[PDB]
Each structure stands twice: as structure tokens, then as C-alpha cells.
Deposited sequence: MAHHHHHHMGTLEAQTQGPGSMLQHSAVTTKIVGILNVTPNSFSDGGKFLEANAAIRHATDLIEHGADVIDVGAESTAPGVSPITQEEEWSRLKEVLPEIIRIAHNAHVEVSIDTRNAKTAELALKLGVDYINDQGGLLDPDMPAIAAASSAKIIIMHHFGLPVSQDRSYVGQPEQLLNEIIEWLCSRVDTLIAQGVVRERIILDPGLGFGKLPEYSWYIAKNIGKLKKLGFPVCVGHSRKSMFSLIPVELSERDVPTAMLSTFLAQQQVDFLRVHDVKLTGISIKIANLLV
């Protein structure tokens, strides 16, 4: 099971971010995903310029410390300019949570040879007015078509096919029942032949198993084990130690 641990580093103090990145490295992260725009339901969006001013103080040291430890760095942004600036600093992935919502994102990814995650959503920020209703199978078919259209855009604009990673965006306009349905059927997304990233960690989908937000890391790890068994290529998680345990258990079940 080649599943990589993508440790979440939210910077929404610079010194505290460096300490968190260091702890994520020491507990076994394969990638540090650095993000400065909270996408939580009540959050109003910040500008790309404000986003970058939060990142530019921490990203050089995080990149140095991670690369020194042979850990990669991902930039979690919907803005092509932020991805471009982060790429100049040396990050390894664009985690394009907007899924080419910025029309300049393909040019940035292609001109940088970076790996790119594109994540499905019903618009950002999330809204209860923009939420899927209907048959769960049809939702999965829609997510696949939405992602495939964006894959085509990237390849046409010069992004190599091997560098594209697909993420269904659990929770983004997806009520808990639908997010579990997608996770359970993640193999159908995997059958497209692209690496898959899943971001289930602490998500409101766990409200369905009455587990409140503060206690969700252990339930997250239970699902992490299942996702690792399905050969999901990247898990975007808060607790890197527990996720390492989940992947080792999946390996022992092969």
C-alpha cells in the first residue's frame, strides 16, 4: 500500500506554523499541505494578496525543513498567482482546491512541471444552497465528469497526464450520507487510472456517526485504514501519527 500521508498545515504566528510543520515531519508525513484560506462554511473569502502575505513568511522555512527531511510540500490554494509564487519557492504540489476555478491555473501547472490535485466542489465557499440532492450513484457520475473535463483542460494546456491527481472533495456540497457513499465507492474514481487524494479528516461526514468535531481523529483513522486498503494514493489528514498506523494496518491486511 503506497498511500502517502498529506499532513494539513493551516496558517489561517509564523513560528507556530514552523513548529507544526516540524512535528508533522517527525511523525511521518510524506507531504505537508500548507493553506492560508479557511474554506469552512461560515468563512468569507480572503483576497489572493492577503492569502500570499500569510504564506510568504512561513513557506520558505517549511520548504527548507521539509525538503531537508525528504518530505514534499503542497500549496492548498484556489488562486493561480499563489500557486505560481509557491512554486517559485520550491513546492512540489499544487493542491488546487478550486479545481481550475482560476482559469490561469492550467498555465501555471504546465509551466512548472508540478503535480496538481484538482478537487470537486459545488462552488467555493460552500453553501447549503449549493448541495447535492438525488441518487448517490448519479452524484459519483457527475463528480467524475466534472473532474474529467478539468483533466482535459490541463492536458490540452500542457500538463503531463501522470502529474494529475483527482480528489472528490468530501463535504464540499455533499451531505454526510453522500460523502460516505463516495468514500465507500472510491474504487470507481480510482478506475479512471489517475492517482486519487481523499480529504476525510475531521469532516462533518462524521456527524453521521454521532462523533463531535473534537473527537474525530480516531474515527478518521478508522476510515483511513479502509481508504488505504482501496489503494487511495493520498490521504489529507490532521493527525499524521494515527494515519501512519492506519496505513501500516492496511499493509498487514494485504
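Gaps between the deposited sequence and the modelled coordinates occur at 1 to 27, 40 to 50, listed in sequence order.
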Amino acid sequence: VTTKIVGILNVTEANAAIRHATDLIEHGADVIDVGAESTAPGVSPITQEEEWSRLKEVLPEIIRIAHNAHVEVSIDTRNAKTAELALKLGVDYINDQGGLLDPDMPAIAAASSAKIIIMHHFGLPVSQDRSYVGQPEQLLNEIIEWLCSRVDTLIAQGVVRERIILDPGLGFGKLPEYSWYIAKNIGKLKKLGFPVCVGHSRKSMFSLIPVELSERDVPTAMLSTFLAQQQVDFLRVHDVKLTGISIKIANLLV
From here on, numbers count along this sequence of modelled residues.
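Note on 37 to 45 vs 200 to 208: mean CA B-factor is higher in 37 to 45. Per-stretch averaging of Cα B factors for 221 to 229 and 48 to 56 places 48 to 56 on top. Note on 117, 140, 109, 75: the highest value goes to 109, judged by CA B factor as recorded. Note on the listed residues 71, 166, 183, 155: the highest Cα temperature factor in the record is that of 155. The deposited CA B-factor of residue 170 belongs to the lowest third of values across its chain. When the CA B factors of the chain's modelled residues are split into thirds, the value for residue 150 lands in the middle one. When the CA B factors of the chain's modelled residues are split into thirds, the value for residue 254 lands in the highest one.
In the PDB entry, a CA B factor belonging to the highest third of its chain's modelled residues is recorded for residue 64.
Among the modelled residues of its chain, residue 192 has a C-alpha B-factor that falls in the highest third according to the deposited record.
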